Every structure is written in C-alpha cells, then in structure tokens.
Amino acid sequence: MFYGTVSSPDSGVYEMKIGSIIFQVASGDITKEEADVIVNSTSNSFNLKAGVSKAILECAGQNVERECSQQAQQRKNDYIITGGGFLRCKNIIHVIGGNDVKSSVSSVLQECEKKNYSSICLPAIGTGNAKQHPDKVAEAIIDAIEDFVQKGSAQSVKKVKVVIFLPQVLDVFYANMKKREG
C-alpha cells in the first residue's frame, strides 16, 4: 500500500517512492553529499575513526570530534546530534553501528521531523566495523521508512538517500527495492 516503481534518474542512482518520500541509493563517498542531515555509523563511545567514521570525523573537523566526546561523557546516549562542521549539512546524527538498525533509522527520521528538515543522507549503517549482514541492514532501513509513513509521521521529510562505499553492497539494496516495488 506504499511502494512506487524503481527507476534510474541519474547515472548510478536508483530511486522509488515510499508513500510521500523519495528513497534513493547510490555508491560513492558520503562526505561529498549535501543534505539537511548526514548520518555517521560509529561505536558506543562515538570516537570510532575507521571506515565511514574515519572519513566523516576527518572531513567534519576537530570541533565536531570535541562535541562528540563532550556529549559522550555527560550521559549514556543511544545516538548523538552535533553540528555539521565542514560537511555540507546542518547536523550530523551519530548512530551506533552495532545497535538495531530499524530503531536507529526511526530515531533519525523523528529527529529530522522535530527540526522541519526535508533531506537525509546515510551510509549502509552497521556493515563496516559492526559487521552486520548487508541483506539484513537493507531490510531494516527500508522497514523503518515504511513504518514512519504508515504512522502518518512523514510531513517535512521528503528525500532519504543511502550512499554506499562498496558497489557490492549497493547491489543488495537494489535487489531489496525490486522485491518491494508496486
């Protein structure tokens, strides 16, 4: 009762509608993207600097690193919201790669509605240091967006894009989109 048709609007980009939201996937370096929010997949200490967390903390800068450590030593956080530093975004949301991916994406969507944001870009959360299986991660990300739409929670959020470091993981996301398409 939600899914549109899978097509390719731009070279290496695949998209489909999920209710009112445009869902897109592509391979590349997430630190070159522009969006209201960029998501970082990190450790429970919010100081991982390996794979996607290395590229995001390096390009964001030491002021963002300081924000992460300052919030980390204040309370036990499921995720942390910082400034964008030198990334092309308004905020970074740092989620824990080992946590339930559906719950992490649900939290990102709810925080973006609170700020009246329209665009989100995320990595294949948990497929790096956390070593979660790509097929399970794709199913969880798309399930979170479906639930958000079903509950009537999508109002400001219009575009959710997954930018994926390995082309082989992109192929798993595209197969999941084709499974669901109307």
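Numbering starts at 1 and runs along the sequence shown.
As recorded in the PDB entry, 149 to 157 is the stretch of 149 to 157 and 113 to 121 with the greater mean C-alpha temperature factor. Mean CA B-factor, 104 to 112 versus 77 to 85: the higher value falls on 77 to 85. Placement of the Cα temperature factor of residue 24 within the chain: lowest third of the modelled residues, per the deposited record. Ranked within its chain, residue 36 lands in the lowest third, by CA B factor from the PDB record. Sort the chain's modelled residues by C-alpha temperature factor and residue 52 lands in the middle third, per the entry. The deposited CA B-factor of residue 65 belongs to the highest third of values across its chain. The deposited CA B-factor of residue 139 belongs to the lowest third of values across its chain.
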